[PDB]
């Protein structure tokens, strides 16, 4: 019935893009399902949210037959929906971790760019090829990408549509760790789950908001967050051995 599944592994909610017969390409139905499952994942008592694809591939990008059906109005409406999910990923109290494999491209990869962390399987094919069919970006491929890789790499990747392997994407900053085995990805995710929730939440907020202000203001904010952590029971317990 559903093009996005929600599952559970330990302390992680696991969201799975499930349309493998079309390389998990994102259409309107998938987008609506992704928003619904992402809500469910946020309300659960899990500590992180992991996003991946079903089968061999993460996602080949936006559905091209859908793209080809758009006029300006319906295109704008599609992008508002993309933006909204990307924003919910960025504003989430929980860390969001994308697990990339096989095809990881375009609009799908761009949603992963809003995630906190990207881990790639060694077989991953990563890139933003949609300029070839006249599209600028699915969801941050022009305005979030450069914060990950720099101004020059962002333009190059978006204009050329170059496909990267996993090590090349890591060396640019587009991916944070490469693993040859799924268990090793879960080990990294599980280690993140050990950290206090409020701590991760504040780390995430300060990182995000660093892009919207000058340094001093950002440092002021980071200090205030640090201070509020001392009202949190989980943080105080994590420190109690040294009390």
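Positions refer to the first chain, counted from 1.
Compare the mean C-alpha B-factor of 57-65 with that of 213-221 as given in the PDB entry, and name the stretch with the higher value.
The deposited B-factors put 213-221 ahead on the C-alpha mean.
Among the candidates 206, 28, 49, 200, give the one with the maximum CA B-factor reported in the record.
Among 206, 28, 49, 200, the PDB entry lists the largest C-alpha B-factor for 28.
With respect to the C-alpha temperature factors reported in the PDB entry, which of 172, 97, 111, 157 ranks highest?
So the option with the highest C-alpha B-factor is 172.
Which third, lowest, middle or highest, does the CA B-factor of residue 4 fall in along this chain?
It belongs to the middle third of the chain when residues are ordered by C-alpha B-factor.
Using the B-factors in the PDB entry, rank residue 15's C-alpha atom against the chain and give the third, lowest, middle or highest.
CA B-factor rank for residue 15: lowest third.
When the deposited Cα B-factors of this chain's modelled residues are ordered and cut into thirds, is residue 116 in the lowest, the middle or the highest one?
It falls in the middle third of the chain.
Within this chain, which third does the Cα B-factor at residue 71 fall in: lowest, middle or highest?
For residue 71, the deposited C-alpha B-factor lands in the middle third.
Comparing residue 81 with the other modelled residues of its chain, is its CA B-factor in the lowest, middle or highest third?
Its C-alpha B-factor belongs to the middle third of this chain's values.
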